[PDB]
Every structure is written in C-alpha cells, then in structure tokens.
Amino acid sequence: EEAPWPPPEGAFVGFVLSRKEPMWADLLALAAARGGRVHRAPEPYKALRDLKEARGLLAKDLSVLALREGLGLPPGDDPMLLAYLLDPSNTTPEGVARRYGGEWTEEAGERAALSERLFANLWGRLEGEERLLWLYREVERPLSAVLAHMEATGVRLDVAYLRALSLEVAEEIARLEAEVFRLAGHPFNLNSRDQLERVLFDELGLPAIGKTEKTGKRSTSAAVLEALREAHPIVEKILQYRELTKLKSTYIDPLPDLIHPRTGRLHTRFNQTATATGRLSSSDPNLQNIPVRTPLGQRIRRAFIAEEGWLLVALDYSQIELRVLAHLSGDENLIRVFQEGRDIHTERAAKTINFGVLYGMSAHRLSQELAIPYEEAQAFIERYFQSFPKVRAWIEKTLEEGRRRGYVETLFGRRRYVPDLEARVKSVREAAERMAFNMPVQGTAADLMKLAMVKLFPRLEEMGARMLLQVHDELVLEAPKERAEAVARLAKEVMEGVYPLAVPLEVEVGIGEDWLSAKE
DNA sequence: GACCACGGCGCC
DNA sequence: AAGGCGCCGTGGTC
Ligand SMILES: [Mg+2]
C-alpha cells in the first residue's frame with residue numbers, strides 16, 4: 001500500500017513521539033493512511049506542514065505539538081474518543097486497538113493504518129447510538145481542539161518567588177524534623193510511614209486505631225493522627241511536617257523546573273479519555289490539584305500569574321452537583337431552594353450533610369467527618385430524605401436501572417458500566433452502588449462544563465482572550481487588561497446559560513493578577 | 001535507568 | 001464535602 005508523501009486530504013495520521021508530553025516531545029516519525037495506501041514522511045517536521053487536520057489516534061497530542069511549532073493543525077476524528085464514549089474504561093491505545101481490531105505498535109505507518117481501520121469499526125459500533133453520537137459531534141470532538149489550545153498556551157509562573165519560598169520552607173521543615181527526632185528519642189526517616197508506624201505505636205506506645213486497606217498495617221494517616229493531636233506533642237509536629245514536605249516536594253520544587261524554554265510558561269496536559277465519569281484529568285504536571293486551603297497553599301497559588309498587560313479571570317460554578325441532583329431527581333423542594341436563590345446549606349457544618357448524599361456517606365462517618373452525636377447522627381439522615389423523597393426514588397431508580405442494563409448514564413447519555421451492583425459481598429456491592437449513582441451527577445456536571453468550554457472558546461478567540469485551566473467546575477482565563485471586564489462578563493453568561501436546567505446555574509467570577517487574588 | 005504497589009494527600 | 005483523579009517518597013524488583 002506504500003505510496004510517496006504527501007497523502008491525499010482526509011487521510012488518517014500516525015505519529016511517534018520521543019516522550020508522552022507533546023510540548024516536550026521530539027517528533028520521531030510521521031505517516032498517513034487512506035484508500036488502501038500508506039504514506040511515510042521522509043522528514044516528519046517538514047511533512048507536518050502538509051496536513052490540514054490531525055485525524056486519528058491521539059489526534060490532540062499531535063495538534064499540540066503542531067501548535068508548539070507555530071502550525072495551525074486542528075484535531076479531528078479520533079478513534080479513542082469514539083471508544084471512550086462507548087465505554088469509558090477505554091482509556092489507552094493499547095487496549096482500544098486490541099479490543100476493536102488491531103495492535104498498537106511503535107511504528108508511525110502502522111499507527112496510521114491502525115487509526116483508519118479502528119475508526120471504521122468504531123464508527124460502525126456507534127450507529128444507532130444517537131445520543132453517544134451527539135456527545136461525540138457536539139462535545140468531545142470539538143473539545144479536543146479547545147484542549148489543544150489550552151495545552152499549547154500554558155500559564156505564567158513566578159519562578160523566582162517559588163525559588164525563594166523553597167529555602168524558607170526548608171528551614172521550617174528542619175525545625176520540625178529536629179523536634180520530632182528529639183521526642184522519638186532517636187532519628188529515623190520521617191518520610192517512611194513504616195518507620196513512623198513503629199515509633200508511634202510500639203515505642204511511644206500510642207494507640208493504633210485504624211488499618212491500611214491493602215496490607216493491614218497500622219495507619220498513620222491524617223484522619224488517625226488528628227485524634228492523637230492531644231495525646232502527644234509529637235503528633236502535632238508530624239502533621240505540620242507532612243503539610244510542608246507534601247507541598248514542597250509536590251509543587252514548590254518541581255514546578256519551576258518545568259518552564260518551557262520557548263514559551264516561558266508552564267504546560268499541563270488535559271487528558272480526555274482518562275476517567276470513568278467523563279471528567280477531564282490533568283497531568284505532567286497536574287494543574288487541577290494546586291494547593292488553595294492552607295496559608296502555605298495560598299502562597300503557592302499566588303505564584304500562578306497573568307502575563308504582563310493581562311489579567312486572570314476565574315469563574316467557578318456554584319454547587320453544580322447539587323443543582324444537577326435537583327434536575328435529575330425532579331425533587332420539587334430541592335428545585336425550589338435554588339429557584340428562590342437561597343443558600344441550600346442554610347436552608348462545612350450542615351454542608352457535609354447536603355454534600356453528603358452525593359456519594360452516600362456512612363452515617364457513622366458523620367460523627368467523625370463532622371463530629372456529631374454519632375448515634376443521633378444516623379437519625380437526621382431520614383429527615384433529609386423525608387423532605388427530599390424524589391432523591392431517594394432517584395437513587396433507587398438509578399441503581400435498579402444500573403443492575404438491569406449493566407450501566408448508568410448522565411443527562412446527555414454518557415455511560416459508565418458498573419458490573420458489581422449485584423455482587424454477593426456486601427461491602428463490594430455497596431461500594432459499587434456509590435460509584436454507580438455518583439456518576440450521573442459528577443458526569444452531568446462534566447458534560448455541562450465541557451459544553452461550556454466548547455461554546456466559550458470561539459468567543460474568547462474573537463476577543464483576543466485565552467482559556468488556560470479547567471478544574472472540574474472551574475475555569476481560569478487570561479485576557480488583555482483592556483478587555484478583561486468584557487471577557488469576565490461574557491464568560492459568566494456563556495457558562496450560566498450553557499444548558500438550562502430545571503434550576504438556574506450560578507457562576508462566581510473574579511479578576512486579578514494572580515490565581516488567588518483572581519477569586520477574591 | 002526503569003517499572004510497580006502502597007500509603008498518603010493535594011484538588012473538585 | 002470529598003465519588004473522581006495524579007504525584008509524592010518509600011520499598012521492592014529487574
Ligand atoms: Mg493508588
């Protein structure tokens with residue numbers, strides 16, 4: 001089938017990177033397949049200019065690499081997206097190939113022919129799946145182009161500020177470490193939970209409460225240590241040591257070393273086929289779990305800044321999952337609460353209760369994750385459902401359907417297969433139930449945010465603004481100072497009106513020089 | 001160098 | 001708020 005480069009327009013592309021991150025990868029090889037032919041590019045970088053779109057497996061990644069090189073090469077069809085819609089457990093090329101009629105190799109030509117062949121089969125599987133096709137055409141496929149922009153754009157980071165902060169935190173860690181070592185009566189590796197275990201529960205003879213899941217060792221987690229916060233001063237130091245080292249090792253130290261030499265910015269990856277619910281994920285590095293709660297966490301978030309002459313615009317959906325719950329269940333009362341613009345919670349304290357049913361929390365975990373009366377905690381949970389009968393009925397209906405079909409679905413029909421709903425082991429069955437009825441909620445919220453990104457992106461391009469980050473129910477944009485206000489106002493409207501529900505969606509928006517101040 | 005499992009923990 | 005994730009250091013292996 002081998003023919004000379006270039007391929008005819010519309011061909012399926014195959015490509016090989018030196019490493020998984022497209023912003024950092026060397027393009028080792030490039031090929032394309034179509035009409036019973038395969039075309040291999042003599043020089044991949046040059047040949048990249050001959051393509052009009054990236055059609056094939058991992059299309060977005062190639063598109064990002066093209067953007068890095070200053071080329072406009074939007075991602076198109078991608079068999080990975082079709083398979084992910086069919087079954088969100090389809091997360092890798094390896095598995096999708098083996099499942100739908102091929103083998104994922106390390107040769108571009110074969111990857112091109114594979115892309116073509118797999119697209120043929122998958123597109124066949126999606127016939128009759130009207131709603132899955134809608135998600136593909138209206139959400140996933142167009143979203144892939146938005147994600148490519150975000151990845152290639154990156155976000156600015158105050159490196160010098162983080163470098164200075166590292167030295168400050170290092171000294172405080174030293175202070176905690178030396179103190180812990182004194183109390184232990186000896187020095188040990190504080191980073192080793194095994195060594196720590198022995199020191200706390202054997203040597204210091206402190207009470208061992210819970211056990212680890214897989215190996216049944218005596219846990220040293222924060223939930224456990226919290227309880228011993230008064231039973232020994234060493235516990236206090238250990239918990240402070242944990243926060244500082246976690247944030248230093250995970251964010252403060254690594255991030256500055258990841259600045260791209262061409263862009264001068266930090267670039268993450270937004271993985272589009274990585275979760276069981278339809279959410280995006282972020283990696284290399286993960287920019288969806290940057291610290292925000294503690295004082296030191298806030299210091300770190302301040303390092304994410306706007307380019308000179310620009311401002312960050314931060315938009316957050318308010319309680320989107322609860323609003324989705326109101327819609328899906330059709331519960332009159334819950335719906336009323338939002339319609340009348342009242343704070344559902346008043347309708348961390350009583351909030352744990354309201355945000356509690358979204359995953360069926362343990363009535364016992366209410367006296368712990370909220371410190372209540374325990375026995376009396378499992379007594380108010382009935383009133384919750386007494387006032388929201390349609391919610392219980394919805395949960396019940398969801399599970400019943402999940403058992404019969406073998407899957408649950410979001411408002412738009414995104415599916416997740418949950419096979420353990422009839423497991424004969426209680427703990428397993430019940431864990432499965434929690435996954436099952438959470439996904440229509442978390443998944444619908446993901447569908448909505450994705451659709452909002454798809455609608456918003458073209459509007460931002462028109463205004464010379466950029467989309468930088470998504471954090472599940474949040475967006476961070478970057479706009480020129482003279483257009484920031486207009487951008488903020490427009491984005492809010494797009495997000496709030498993405499897909500009208502039985503209840504309004506509300507969005508909080510802020511503008512600032514950095515990620516933290518942009519909220520306040 | 002590389003991979004993995006685990007406990008642990010950061011965010012939504 | 002913390003079902004859904006990704007990264008850390010440790011500990012073990014090849
Ligand atoms: Mg794990």
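We name chains A, B, ... by the order of the sequence lines, and we start the count at 1 in each one. Side-chain atoms are counted along with the backbone in the values below, which use heavy atoms only and exclude waters and symmetry mates.
The interatomic distance linking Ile238(A) (CD1) with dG7(B) (P) rounds to 19 Å, in whole Å. Nucleotide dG4(C) holds its P atom 20 Å from the CD atom of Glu474(A), rounded to whole Å. Spacing between atom NZ of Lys214(A) and atom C1' of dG8(B) amounts to 13 Å, rounded to whole angstrom units. In this structure, the CZ atom of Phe304(A) is 16 Å from the P atom of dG10(B), given to the nearest Å. When the P atom of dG3(C) is taken as reference, atom CG of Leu358(A) falls 12 Å away, rounded to whole Å. Atom P of nucleotide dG8(B) and atom CD of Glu243(A) are separated by 18 Å, given to the nearest angstrom. Atom OH of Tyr384(A) is separated from atom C1' of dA1(C) by 11 Å (rounded to the nearest Å). If you take NZ of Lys217(A) and P of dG8(B), they are 7 Å apart, rounded to a whole angstrom.
For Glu103(A), the side chain to side chain contact (heavy atoms under 4.5 Å, CB included) partners at least two apart in sequence or on another chain are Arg98(A), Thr105(A). For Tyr499(A), the ring-ring contact (aromatic ring centres under 6.0 Å, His included) partners are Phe412(A), not counting sequence neighbours. Listed by chain and number, the residues in a salt bridge (charged side-chain N to carboxylate O under 4.0 Å, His left out) with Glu506(A) amount to none (sequence neighbours excluded). With sequence neighbours excluded, the residues forming a side chain to side chain contact (heavy atoms under 4.5 Å, CB included) with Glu513(A) are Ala306(A), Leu311(A), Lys481(A), listed by chain and number. Residues satisfying the side chain to side chain contact (heavy atoms under 4.5 Å, CB included) criterion with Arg229(A), sequence neighbours excluded, are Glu226(A), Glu236(A), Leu239(A).
Residue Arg416(A) is in sugar-phosphate contact alone, with no base atom involved, counting any heavy-atom pair closer than 4.0 Å across all strands shown. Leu247(A) comes within 4.0 angstrom of sugar-phosphate atoms only, judged by non-hydrogen atoms across all strands, and of no base. Among the heavy atoms of the strands lying under 4.0 Å from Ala222(A) are primed sugar atoms or P, OP1, OP2 only; no base atom is included. Among the heavy atoms of the strands lying under 4.0 Å from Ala276(A) are primed sugar atoms or P, OP1, OP2 only; no base atom is included. Contact annotation for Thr245(A): no contact, since no heavy-atom pair falls under 4.0 Å across all strands.
When all heavy atoms of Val357(A) and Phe437(A) are compared, the closest pair comes out as O-CE1, 3.6 Å.
For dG4(C), the OP1/OP2 oxygens have no side-chain nitrogen or oxygen of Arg279(A) closer than 4.0 Å. Residue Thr352(A) places no side-chain N or O under 4.0 Å from the OP1 or OP2 atom of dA2(C).
Across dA1(C), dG4(C), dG8(B), the shortest atom-to-atom separation from the side chain of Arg242(A) is found for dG8(B). When distances run from any side-chain atom of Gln442(A) to the nucleotides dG3(C), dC9(B), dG10(B), the shortest one goes to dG3(C). Nearest nucleotide to the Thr215(A) side chain, out of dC11(B), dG4(C), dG7(B): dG7(B).
In this structure, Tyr359(A) does not count as stacked on the base of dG3(C) under the 5.5 Å centre distance and 30° plane angle limits.
For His472(A) and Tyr317(A), the ring centers sit 6.0 Å or farther from each other.
Sugar pucker at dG10(B): north, on the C3'-endo side, as the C1'-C2'-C3'-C4' dihedral is above zero. In terms of the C1'-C2'-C3'-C4' torsion, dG4(C) has a north-puckered sugar. The angle is above zero. Sugar conformation, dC9(B): south. The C1'-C2'-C3'-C4' torsion carries a negative sign.
Contact of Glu321(A) with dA1(C) (side chain to base): a donor-acceptor pair of N or O atoms is detected under 3.5 Å.
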Worksheet, complete the sentence: Readout for nucleotides 6-14 of chain C: B = base within 4.0 Å of protein heavy atom, S = sugar-phosphate only, - = neither; 5' to 3' it is SSSSSS---

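We find the OG1-CZ distance between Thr444(A) and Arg323(A) to be 15.0 Å, quoted to the nearest 0.5 Å.
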